[PDB]
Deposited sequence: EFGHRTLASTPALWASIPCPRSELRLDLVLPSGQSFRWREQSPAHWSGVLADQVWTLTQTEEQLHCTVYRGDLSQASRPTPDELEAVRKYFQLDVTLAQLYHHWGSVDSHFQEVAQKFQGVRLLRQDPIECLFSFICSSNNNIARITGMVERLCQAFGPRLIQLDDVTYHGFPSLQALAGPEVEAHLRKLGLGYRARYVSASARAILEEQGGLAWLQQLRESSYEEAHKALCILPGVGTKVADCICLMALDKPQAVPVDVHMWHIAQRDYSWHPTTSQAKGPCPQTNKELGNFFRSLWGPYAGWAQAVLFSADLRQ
């Protein structure tokens, strides 16, 4: 048996974590632009790297089926499945949050019907940092390719399924190496080729390496957000992403075009205390606060719910 597995082709190799489509919708999470490393190689079967390992994920109505490629084949262990639960944060009950945002908001309660199972992935800081550095002034379609080539170039080779080889996300040492930028431009990363190199070296030579970054999962949102921006290619929008998706700051509200349109069309929002009228540093910060008060401690997850709906719209 070769190629990517399916629930039908290789039943004996799939374990299932109990999970209803209301709690998680793969087709509304993985390609939604949180991670750029999941592909639907097979219909309803999403494959990608998780915890330095390849997985294929598919879901029924009450179960989420998982299969792992580690050299002996076997269904996922109890601990390997745990890695999956951690990734989708399956302890955070979406049904509750949905009730709360719908309870204190009407427009949400409306869109919160057609779009369920939209949660946040608990991503690794490094992968998330550099992935979202490539997102600025760019489209999800492009970003995916850039991150794919980036990983192929400087990422550890994992395994090969079909004509697809998977790579662990590059390390700081890898991204800081000589002539990385020159290499990354060949991969068409554009002006962001420098941002990656600079940030890799900045973190590893001026900040304290990996330790500095990871220790922001304990810091406060305000602390971490402030900490990130000093990195090249990292502004408020990019920082809010890293915080929200990797740094465990659920109140982080990434403000961008989509969020600014939604904040002008669906909430008729208007910059109260701001000299300007458009997306200037000031307003964007204020806009975020507005959602943090509206939706609360998890204004970030709520954003992701609407943001996803707006994409497939």
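No C-alpha positions are given in the record for the deposited-sequence stretch 71-73, the only such gap.
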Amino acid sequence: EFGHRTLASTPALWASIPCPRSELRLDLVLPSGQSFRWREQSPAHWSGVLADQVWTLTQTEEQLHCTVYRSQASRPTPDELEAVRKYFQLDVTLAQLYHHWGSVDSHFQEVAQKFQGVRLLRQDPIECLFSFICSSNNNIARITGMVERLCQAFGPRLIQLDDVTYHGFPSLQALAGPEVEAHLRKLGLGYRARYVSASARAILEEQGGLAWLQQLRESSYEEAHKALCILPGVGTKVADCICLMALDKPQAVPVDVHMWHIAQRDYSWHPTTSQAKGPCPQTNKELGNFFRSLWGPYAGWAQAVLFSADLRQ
From here on, numbers count along this sequence of modelled residues.
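Note on 71-79 vs 231-239: mean CA B-factor is higher in 71-79. Legend: mean Cα B-factor per stretch from the PDB entry, 109-117 versus 168-176; the higher mean is in 109-117. When the C-alpha B-factors of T56, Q251, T60, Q34 are ranked from the entry, the top spot goes to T60.
Highest CA B-factor among the listed residues (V257, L26, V49, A246): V257. Among all modelled residues in its chain, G102 ranks in the highest third by Cα B-factor. Split the chain's modelled residues into thirds by C-alpha temperature factor. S131 is in the lowest one. Annotation for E148: C-alpha temperature factor in the middle third relative to the rest of the modelled chain, per the entry. When the CA B factors of the chain's modelled residues are split into thirds, the value for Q215 lands in the highest one. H65: CA B factor in the middle third of modelled residues in this chain (values from the PDB entry).
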